[PDB]
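Give me the fold of what follows.
(3 chains, ligands or ions: 5)
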Amino acid sequence: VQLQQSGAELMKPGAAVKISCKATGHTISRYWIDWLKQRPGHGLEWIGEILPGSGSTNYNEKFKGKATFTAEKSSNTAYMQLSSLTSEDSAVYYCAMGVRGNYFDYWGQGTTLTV
Amino acid sequence: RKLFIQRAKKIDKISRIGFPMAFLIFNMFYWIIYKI
Amino acid sequence: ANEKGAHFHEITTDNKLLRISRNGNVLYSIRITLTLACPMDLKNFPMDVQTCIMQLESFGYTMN
Ligand SMILES: CCCCCCCCCCCC
Ligand SMILES: CCCCCCCCC
Ligand SMILES: CCCCCCCC
Ligand SMILES: CCCCCCCC
Ligand SMILES: CCCCCCC
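Residues are numbered from 1 along each chain as shown, chains lettered A, B, ... in the order given. Ligands and ions are numbered 1, 2, ... in the order given. Next comes the structure:
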């Protein structure tokens, strides 16, 4: 199983970027896709989770409204669209995945967000 | 005429020798494929 | 997960087995007749090779 993201994104403050997690190896509507934020200085941080087939999501209380999860079965990819981009959103956004538990054993390469 | 009838003989003499061959060459080609 | 019909056996007694070791290790053997469903691929029918599966899945408990 593998998770291919998109390249880095340089977005202006106040805009909104949409990050993609291309699942090459399994149907995207099969497992829960997770999203994590790693800003330097701090540690990692769990954004939320989405099941790309049932449209179900679970956002962290700190990221409610900030991030919005979608999916597209035609391409096997789960999107995370960050709105109201600020300089605080300068971090790396991974799309992990836990198959046999709430741990994260399948990761993406990471997508840097420069704002 | 009667010479024209000879084509009516070879029209069956060719089948009598070639038609069962066309089923034998198929029979070799059928099992080689679906045995894989 | 693909049982498609199942029933315990209850002939002269419920066909259940229980064996509790001294440290708590429980054993549990029950006799079950299943009618599991396996989707068959008949692309080469008389000479096909099937693969029928059974899935022992939990229902009301998550993986924690
Ligand atoms: C002159 C006509 C010759 C007839 C040839 C018949 C060959 C048939 C072989 C293919 C059968 C499917
Ligand atoms: C005159 C002999 C005819 C043989 C035809 C063989 C056709 C093989 C498909
Ligand atoms: C009936 C004739 C069969 C010959 C081909 C056998 C190939 C396995
Ligand atoms: C001419 C006979 C062809 C047999 C192979 C068919 C494969 C789909
Ligand atoms: C003289 C040709 C005879 C063909 C017999 C094939 C079964």
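
And the residue of chain C that's closest to ligand 2?
Of all residues in chain C, residue C:44 sits closest to ligand 2, at 22.6 Å by Cβ to the nearest ligand atom. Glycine gets a C-beta too; all of them are placed from N, C-alpha and C.

Counting neighbours, what do you get for the residue lying closest to that residue once chain neighbours are set aside?
Leaving aside its sequence neighbours, residue C:44 sits nearest to residue B:34 (Cβ to Cβ, 6 or more residues apart in numbering or on different chains; 5.0 Å). Around residue B:34 there are 12 other residues, counting by other Cβ atoms under 10 Å in any protein chain shown.

can you tell me how far residue B:34 sits from residue C:39?
For residue B:34, the distance to residue C:39 equals 21 Å [Cβ to Cβ, to the nearest Å].

do the same with residue B:21
Taking Cβ to Cβ, one finds residue B:21 at 41 Å from residue C:39.

quick one on the thing from earlier: just confirm the residue nearest to residue C:44 contacts residue C:47, I think it does.
Yes: applying Cβ atoms under 8 Å, one finds residue B:34 in contact with residue C:47, separated by 5.2 Å.

what does chain B put close to ligand 2?
For chain B, the residues in contact with ligand 2 (Cβ under 6 Å from any ligand atom) are B:14, B:18, B:21-22, B:25.

all strands for chain A, in order.
Taking DSSP state E, the strands of chain A run over residues A:3-5, A:9-10, A:17-23, A:33-38, A:46-51, A:56-59, A:67-69, A:77-82, A:91-94, A:111-114.

As TSV, those strands with mean neighbour count and distance to chain C would be great.
Below are the strands of chain A laid out as TSV (neighbours: other Cβ atoms under 10 Å in any protein chain shown; distance: least, Cβ to the nearest Cβ, whole Å):
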stretch	mean neighbour count	distance to chain C
strand A:3-5	19	20
strand A:9-10	13	34
strand A:17-23	20	20
strand A:33-38	23	15
strand A:46-51	21	13
strand A:56-59	15	13
strand A:67-69	20	20
strand A:77-82	22	21
strand A:91-94	22	21
strand A:111-114	16	28
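
right, so of those strands, which gets closest to ligand 4?
strand A:17-23 (32.4 Å).

Need the contact partners of that closest one.
A:1-6, A:9, A:11, A:33, A:35, A:75-82, A:85, A:93, A:95, A:108, A:111, A:113 (Cβ atoms under 8 Å, 6 or more residues apart in numbering or on different chains).
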